[PDB]
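First, one chain by itself: the form deposited in one PDB entry, in structure tokens.
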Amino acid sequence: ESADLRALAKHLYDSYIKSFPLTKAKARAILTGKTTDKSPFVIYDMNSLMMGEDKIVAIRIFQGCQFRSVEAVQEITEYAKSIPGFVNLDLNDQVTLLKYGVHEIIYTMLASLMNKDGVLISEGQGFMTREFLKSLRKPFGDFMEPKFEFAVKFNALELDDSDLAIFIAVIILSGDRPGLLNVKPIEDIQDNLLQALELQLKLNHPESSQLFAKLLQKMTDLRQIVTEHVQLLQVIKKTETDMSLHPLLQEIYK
């Protein structure tokens, strides 16, 4: 029944709101001209960066990004438990689903905080220029550019948070993940999520032909962001042996 799919949509949307403090809706309200009830401070060069510390180098911008990632992971983890059936899966598979799904999700949601020109930071208080990031030294000025390229095409799908809630759930419950003990219960859950997403996209974007297929295709764009990111980390780990990574993040990488 349609009815059951809508109810799952609603449930997932409700949990999404509860798990993620900075929604796409809030982020698009900050980025635009809109509703300057609170506009961001902007980082476009290094001494506006010094001014930034005051009302809100290549290393700490990275270490800072590392922080928002580990906190993002803990948030995605909270959301996953809300996915029906998820906590009932074998514990090893829960861990495995989180290991591989977490970065694909981080870059899906990061797009919400991005436009062509830059990215919101510190829960929206801040905004860091794409150009400033691209100008960073040696192995760091490279990190954010492919995320920006993805975000610009992903953002043109014009998804809202209730669409994203279901898409994110679909991503966590893959089944094609390396080392899954128990693939069939995982796929039963995903088929359910896919039915739900499909209905949601059709109802929320009736004029948008084949948005479902176009959104699913976007998943290969995510895969290769992760891939580039991972190998880039391996470089930095060698050029700066004094710089430390976060164990939680480290455990995620294999």
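Throughout, rigid core stands for the largest set of C-alpha atoms superposing within 1.5 Å between the two forms. Residues carry their position along the shown sequence, with the first being 1.
There is also a form solved in complex with a partner chain; it is not shown, and the following applies to it.
Original post:
Would you say all of 86, 91 and 102 touch the partner chain in the bound PDB entry, counting a heavy atom within 4.5 Å as a touch?
Top reply: The answer is yes: all three residues contact the partner (heavy atom, 4.5 Å cut-off).
Subject >> Residue among 77, 129, 122, 135 with a heavy atom within 4.5 Å of the partner chain in the bound PDB entry >> reply: Answer to the contact question: 77.
**OP:** Check each of 109, 144, 98, 151 and return the one that places a heavy atom within 4.5 angstroms of the partner chain in the bound PDB entry.
**Re:** That would be 98.
Original post:
With the partner left out of view, is residue 51 within 4.5 angstroms of the partner chain in the bound PDB entry by any non-hydrogen atom?
Top reply: Result no; residue 51 lies far from the partner chain in the bound PDB entry.
Original post:
If you check in the bound PDB entry, is residue 70 within 4.5 Å of the partner chain, heavy atoms only?
Top reply: The answer is yes: residue 70 has a heavy atom within 4.5 Å of the partner chain.
Original post:
Is residue 116 one of the residues lying within 4.5 Å of the partner chain in the bound PDB entry, judged by heavy atom distances?
Top reply: No - in the bound PDB entry, heavy atoms of residue 116 and the partner chain never come within 4.5 Å of each other.
Subject >> Mobile residue between this form and the one not shown, C-alpha criterion 2 Å or more, rigid core, from 153, 116, 184, 138 >> reply: Single hit from the list, 138.
Subject >> After fitting the core, residue 238 CA displacement of 2 Å or more between this form and the one not shown >> reply: Yes: residue 238 shifts by at least 2 Å between this form and the one not shown.
Original post:
Relative to what is shown, are the Cα atoms of residue 98 and residue 241 closer or farther apart in the bound PDB entry, where the gap shifts by 3 Å or more?
Top reply: Farther apart, by at least 3 Å.
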